[PDB]
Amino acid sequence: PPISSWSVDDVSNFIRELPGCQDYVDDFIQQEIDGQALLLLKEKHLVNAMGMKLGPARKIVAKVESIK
């Protein structure tokens, strides 16, 4: 299914399962990030609003764009 159809739960699974040394699922659940929101989520938001480091933020944004 298109990311635009993803629920908050689909996004949570996507994030928690993203291979890496940390887990950002709680961060996403707290912000009610569904598929539509995930498509709109950019580095500036992850970093300046959610307090994520730029490296991880860029990689998430990049993964989303690759999937789409």
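So that there is no doubt, residue numbering starts at 1 and follows the sequence shown.
### Task
Divide the modelled residues of the chain into thirds by Cα B-factor and specify which third, lowest, middle or highest, holds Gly51.
For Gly51, whose C-alpha B-factor we compare with every modelled residue in the chain, the answer is the highest third.
### Query
Of the three thirds of its chain by CA temperature factor, lowest, middle or highest, which one includes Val61?
Middle third of the chain for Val61's C-alpha B-factor.
### Query
When the modelled residues of the chain are sorted by Cα temperature factor, does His45 land in the lowest, middle or highest third?
CA B-factor rank for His45: lowest third.
### Message
Looking at the temperature factor on the CA atom of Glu17, which third of the chain's modelled residues does it land in?
### Response
It belongs to the highest third of the chain when residues are ordered by C-alpha B-factor.
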